[PDB]
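Residue-level listing of the chains:
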Amino acid sequence: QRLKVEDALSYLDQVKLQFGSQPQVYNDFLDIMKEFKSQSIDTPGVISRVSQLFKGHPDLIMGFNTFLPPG
Amino acid sequence: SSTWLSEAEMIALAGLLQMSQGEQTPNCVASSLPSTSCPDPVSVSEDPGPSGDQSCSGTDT
């Protein structure tokens, strides 16, 4: 109702589409999420790393920050 | 019963939607006003009075 998971998945496909020729950024993204999902880094670490993980395409990043709490 | 995509994407995403909200009550601990001490109680109290013929309403009055 606020964040929605279905929208997140749609975003996942969008990333796989653009970087279809470079599945590297994809694996690195999800991998990071799992590291945070388990025990390794924190929230600021995921946001920063991912931000640098998509260096070159401010589009995906712009839409990615939308998910995170604004303010 | 319901099989989805790879488990890898399911986990990473789970954390994604959980992180975007894991900063207040969903995961993090802050503001006990919304919902912190009451995650999913059983909802039950001693028979008080007029409030339904379920199992709580004094005794007869």
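The rules behind each value
Residues numbered from 1 in each chain as written, not as in the entry; some residues may be left out. Chains lettered and ligands numbered in written order. Heavy atoms only, no water. Helix = DSSP H or I, 4+ residues; strand = E, 2+ residues; numbered from the N terminus. Rg over C-alpha atoms; globule rule 2.2 N^0.38 Å. Buried < 20%, exposed > 50% of the residue type's maximum accessible area, 1.4 Å probe, protein only. Contact = heavy atoms within 4.5 Å. Arc of directions from axis to C-beta.

- Going by the header, the method for this PDB entry is solution NMR.

1. Quick notes on the overall build of chain A
Part 1 of the argument: In terms of regular secondary structure, chain A is built from 4 helices and 0 strands.
Part 2 of the argument: Mapped in sequence order, the helices and strands of chain A form the string α-α-α-α.
Part 3 of the argument: Since a compact globule built from 71 residues should have a radius of gyration of about 11 Å, the 12 Å found for chain A is in line with a globular shape.
Part 4 of the argument: Considering only C-alpha atoms, chain A reaches an extent of 30 × 30 × 20 Å along its principal axes.
Part 5 of the argument: Looking at chain A as a whole, 28% of its 71 residues qualify as buried.
Part 6 of the argument: Long-range contacts, defined here as pairs at least 24 residues apart, represent 46% of the contacts in chain A between residues at least 6 apart.

2. Overview of helix α3 (residues 43-53) of chain A
Residue and element names in this part refer to chain A.
Part 1 of the argument: For α3, the full list of buried residues reads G45, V46 and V50. Viewed end-on, α3 has its buried residues packed into an arc of 115 degrees, placing them on one side of the element. Summarising the geometry of α3, the exposed residues directed more than 90 degrees from the buried face are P44 and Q52.

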